[PDB]
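Residue numbers (the entry's author numbering), protein chains in the order written: chain B, 493 to 541; chain C, 343 to 591; chain A, 44 to 68, 78 to 146, 152 to 174, 180 to 186, 188 to 260, 264 to 442; chain G, 1 to 9, 11 to 30, 35 to 59, 62 to 72, 74 to 111, 112A, 112 to 148, 150 to 226; chain J, 2 to 9, 11 to 31, 35 to 57, 65 to 72, 74 to 80, 83 to 109, 114 to 222. Below: the structure, in structure tokens.
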Amino acid sequence: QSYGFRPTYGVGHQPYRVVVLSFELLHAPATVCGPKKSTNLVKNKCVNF
Amino acid sequence: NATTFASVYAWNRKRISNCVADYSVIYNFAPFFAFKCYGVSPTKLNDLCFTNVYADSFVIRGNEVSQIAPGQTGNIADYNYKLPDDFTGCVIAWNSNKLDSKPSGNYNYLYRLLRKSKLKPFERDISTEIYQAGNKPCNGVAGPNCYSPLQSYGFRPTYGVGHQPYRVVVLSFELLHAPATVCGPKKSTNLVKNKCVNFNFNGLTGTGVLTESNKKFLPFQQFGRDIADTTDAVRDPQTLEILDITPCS
Amino acid sequence: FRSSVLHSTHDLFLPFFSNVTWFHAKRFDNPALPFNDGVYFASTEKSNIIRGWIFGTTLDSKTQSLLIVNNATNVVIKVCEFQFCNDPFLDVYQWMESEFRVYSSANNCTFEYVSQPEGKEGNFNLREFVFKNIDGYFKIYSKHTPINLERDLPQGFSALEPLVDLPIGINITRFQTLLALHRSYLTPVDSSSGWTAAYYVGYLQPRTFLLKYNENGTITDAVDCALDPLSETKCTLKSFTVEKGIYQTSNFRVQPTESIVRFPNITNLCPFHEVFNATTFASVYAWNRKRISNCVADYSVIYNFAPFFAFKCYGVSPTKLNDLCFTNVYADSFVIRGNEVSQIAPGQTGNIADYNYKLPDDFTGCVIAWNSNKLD
Amino acid sequence: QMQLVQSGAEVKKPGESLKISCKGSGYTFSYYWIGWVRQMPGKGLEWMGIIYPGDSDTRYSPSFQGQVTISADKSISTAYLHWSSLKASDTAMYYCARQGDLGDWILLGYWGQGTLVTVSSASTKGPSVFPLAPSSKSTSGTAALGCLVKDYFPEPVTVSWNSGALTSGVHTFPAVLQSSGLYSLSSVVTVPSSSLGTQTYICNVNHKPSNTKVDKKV
Amino acid sequence: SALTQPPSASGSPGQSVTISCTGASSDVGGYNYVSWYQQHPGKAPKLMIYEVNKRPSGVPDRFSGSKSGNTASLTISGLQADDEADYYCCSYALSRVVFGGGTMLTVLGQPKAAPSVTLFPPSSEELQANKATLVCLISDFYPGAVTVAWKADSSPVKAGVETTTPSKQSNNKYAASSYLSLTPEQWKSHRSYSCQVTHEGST
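Spelled out as structure tokens, the structure:
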């Protein structure tokens, strides 16, 4: 059965929503990443990566 | 569903026993922005039994809801209603501005602004003794050295959050291995014995083979623990038999 | 339940070999006894005379009190503003129609409990009771025992059993004992009746005992670790028999103390007087705000002023101010016509609170005012 | 000065979703709970439901959870009792109330004037008059004359004599409910047998709902 | 449990009377959820008692209330000729208003009296059609209970008969109205119908 909202309702009775962003951070091929710009692949030297 | 609770200093304890409480039937009432249980979870209640459960009811001015918890300090926690550190219960609250407030100003709730010392947990000090800060005896009425402690909250619908009246309910229960009186809407299965089976007695779960030993308990004993505090005996809630729990092969 | 185990526990018990008192009152006008975190009770009378107890803070109407008394075949417990008389006795209109002359009046009566099985124990000798008030709960234990010895407490072990655990929420510090006069005739309400027409008292203490359990589940021996060295070693060895030697370095020596906090005080004074001493304050539309900081926390200078007609703190209590540490304080001041004070508060409404002096919902402070018809 | 005013009387047929009002003044209508009470003819009071004009918070009686809808307009401080699929059994007096400056939040200290409701499925039938002439065979003693009014549903049906004259000696008896839903009443007047037909001895029955003026003799 | 009250009560001016009420409820807020409302004939009720050990402001001191166990009491120090009205006890403990069944209040009136009787034959304008009515007039009796019976040719009739006896006005005596329907052929084919009161016996 269906609910029903109305503007005149008070706090709590107002409508709310929910979102669940499931993630997976194990060592696997990446499909989504942040806006971190990619630098150059310096090789053969002690560097942080 | 009551109309008017009591004050924070004269909170009314409502003892409850010989029943089955389906705590799920409490959520269908006014919103519960805080349903914190400090000794258990708000879900494992309909699966456990209880020895003695009580319900404390009182209204506060909202911004003091945080004081109703272990280790809390403040006017309410020090003079009106204090809870121990070993508390095992659940605290519920919700706004009741349209119930416990009036535009003309309500003066039926009090909070005992002052007191000689800090009130102890689960105690009540509704005595109207006028506090005396000086040395000379008081003249029966507030004076330069004695003041009226029974202050009041002038609740009004125009007030804002933190000042509007909130109802608070404190449900406390002792999960000790003592005779139970409230268990929930749980069902009961037939008794099996002499075979490895799971058992769910009044809150106690585990694996073992019952044997109905000759342990002669007392009228107030329901469980027996071994050296390792591991339960090895149990009393039947539906009969007077004393079963002996032993680990399976 | 436990069997064939030597358990060590810590709770308010009665120290063994203590200096208990034997009360023979017959004599009325006996002051009430104290409640030192638990008391003991015992008697060997088979006439069922002593059948009640009174408990409570000051045993008056001004404060709640606990009343326990047996009946023909039942018991009655209540928590009310009982006005216990100087001689609380249970009058009887003789073998029937008893009267509760133990108190004069009791109105509030915020609790009642009628068990109607609590203390009868039949009619054929010794009975021991342990009382305790902890966390608002009033615990009671009891054990009926025979008597086959001279007129004194017999030896042995008679570990008591739980009787009831009910809430009172009272600061019990004094108690007494009840008994039915039964003078062959009804007695007036006046105290100090005809006593012409025998119990023990013991006060509990925080201790640590080593308890034994029988195969049947009943206690049969005990040990008070804090009684004598031979007892504090058994508790550590967890055995009631101690072989020959130095088997235990029991404990160490210490001495308690007590003192105060928050030195020093002579570091500086406070300009609090600058805001309380003035011939004329600022107008309501120009309320003053005196910033205060870098001083000493002492508001006692406010106690020597005239009585304050209004003293409404909305933060904490006004007395704690002389204890807490603050980061800053603003002592505002102004004058109103007396009745307009009802508007100077969070949430309130009115021309004043709306256009001259408005406070936020998160305001923290105290509102103090006093009459100044002669000065202002 | 606090005061309340509700809608006037109402007489309609079933099916229609009637909606009566309960207007008040002299108080902060937004912060005082309002409600309604039911009372059938000859019956006592019955709680219908309450509303908090401050918002849409509304509590309804368990037996009247959906049988009616209560609304209020905070902009004008006027409560409303809106129905839905009225039934012939809903005829009853309805009082609205509120909580005063004292007592619990649902004490219902102040009350309204009331609103009569009749929602039967019977139109405004007109009354039928029959002369209860005296028995000419037993004219001894005092002769009693009267008229029998029958077959009228509405209440406003009334009777008079000589269009207003002959106030004394007249006796109007209560009405009775018929199996068909209509009503009937009987009135008489006792006069000496020798004074039969003094001036007119005429009956007068009026009915505004049906607008039927029945002036019949006897 | 629903509230219950006595069917009614009686008294006289100056006498102190009392009314009872049973079936109350309770909650954590106390046990003083009892209120009495006095509703005069044909007008809005009025609050008389709330918090039985108290009452609203301006309420005359002629009324008083008290409670004992699951039963309440409404005490009145003195009745008046204008105090004739209904009274209802109401409980509002569990956020649910459950009014009472109602109890009537009256005072001693006029002593007993004999009832009046009068009968007429079918009217001349009704016999001309298939609709005839038989009516019997009774009034001037103090008791508020009476039943009317009909009979023709010594044969009682117990079909299609209705009667009511409501209070007409402050006359202090009730009045009854009875009706009976039949066809015109049923009248001319039998003797004249007679009316019986059975108020105190034969009539």
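Think of the CB as a built atom: it goes at the ideal place given N, C-alpha and C, for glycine as much as any other residue.
| Check | Outcome |
| --- | --- |
| Within 7 Å of chain J by C-beta, residues of the segment 154-169 of chain G in sequence order | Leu156 and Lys158 |
| Opening and closing residue of the alpha helix (DSSP H) in which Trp206 (chain J) lies | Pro203 to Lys207 |
| CA-to-CA distance, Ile129 (chain A) to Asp29 (chain J), given in whole angstroms | 22 Å |
| Short Cβ contact (8 Å threshold) for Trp206 (chain J) with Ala132 (chain J) | no |
| Cutoff 8 Å: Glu324 (chain A) Cβ touching any chain C Cβ | no |
| Top-ranked residue by Cα proximity to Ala376 (chain C), from C:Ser443, C:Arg509 and C:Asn542 | C:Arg509 |
| Contact with chain C by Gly504 (chain B), beta-carbon distance below 8 Å | yes |
| Paired residues, beta bridge with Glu224 (chain A) - DSSP | A:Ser205 |
| Cβ-Cβ distance between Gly104 (chain A) and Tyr269 (chain A) below 8 Å | no |
| Pair within 8 Å by beta-carbon distance, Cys590 (chain C) and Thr547 (chain C) | no |
| Test: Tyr501 (chain B) CB closer than 8 Å to a CB of chain G | yes |
| Proximity of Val154 (chain J) and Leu190 (chain G) at Cβ, strictly below 8 Å | no |
| Straight-line gap, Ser27 (chain J) to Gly84 (chain J) (C-alpha atoms, nearest Å) | 10 Å |
| Chain-ordered residues of the segment 366-391 of chain C with a beta carbon less than 8 Å from chain G | none |
| First through last residue of the alpha helix (DSSP H) which encompasses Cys590 (chain C) | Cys590 (chain C) -> no alpha helix (DSSP H), and no H or E assigned at all. |
| Proximal residues of chain C, C-beta to C-beta of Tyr107 (chain J) below 8 Å | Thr345 |
| 6 Å Cβ shell around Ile410 (chain C) - same chain, five flanking residues per side excluded | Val433 and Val510 |
| Classification of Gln146 (chain A) by the beta-carbon crowding that lies within 10 angstroms, buried from 16 upward | exposed |
| Residues of its chain near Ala140 (chain G), where Cβ-Cβ distance is below 8 Å and the 5 sequence neighbours each way are ignored | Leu153 and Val226 |
| Nearest-angstrom Cα separation, counted from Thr122 (chain G) out to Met2 (chain G) | 19 Å |
| 6 Å CB neighbourhood of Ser135 (chain G) in its chain, flanking five on each side removed | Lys158 and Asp159 |
| Listed by chain order, chain C residues near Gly31 (chain J) by CB distance under 9 Å | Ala344, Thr345, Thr346, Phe347, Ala348, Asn354 and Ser399 |
| Own chain residues within Cβ distance below 6 Å of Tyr495 (chain C), not counting five before or after | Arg403 and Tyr451 |
| Cβ-based neighbour list, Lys114 (chain A), same chain, cut-off 8 Å, excluding 5 preceding and 5 following | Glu133 |
| According to DSSP, residues forming a beta bridge with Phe515 (chain C) | C:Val395 |
| C-alpha distance - residue 317 (chain C) paired with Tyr102 (chain J), whole-angstrom precision | Residue 317 (chain C) cannot be examined here, being either before or after the span of chain C that is shown, 343 to 591. |
| Other residues of its chain near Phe429 (chain A): CB distance less than 6 Å, five sequence neighbours each side excluded | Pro412 |
| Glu156 (chain A) versus A:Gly181, A:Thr64 and A:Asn123, residue with shortest Cα-Cα distance | A:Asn123 |
| Assigned exposure category for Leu185 (chain G) - 16 Cβ within 10 Å defines buried | exposed |
| Span separating the alpha-carbon of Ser128 (chain G) from that of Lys13 (chain G) | 8 Å |
| Below-8 Å beta-carbon distance, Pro203 (chain J) vs any chain G residue | no |
| Simplified DSSP assignment, three categories, for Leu229 (chain A) | strand |
| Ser97 (chain G), DSSP secondary structure in three states | helix |
| Cross-strand partners of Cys155 (chain G) (DSSP beta bridge) | G:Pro138 and G:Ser195 |
| Proximity below 8 Å, CB of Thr86 (chain G) to CB of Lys20 (chain G) | no |
| The beta strand (DSSP E) enclosing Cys301 (chain A), as first and last residue numbers | Run containing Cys301 (chain A): none in the beta strand (DSSP E); it sits in the alpha helix (DSSP H), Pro295 to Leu303. |
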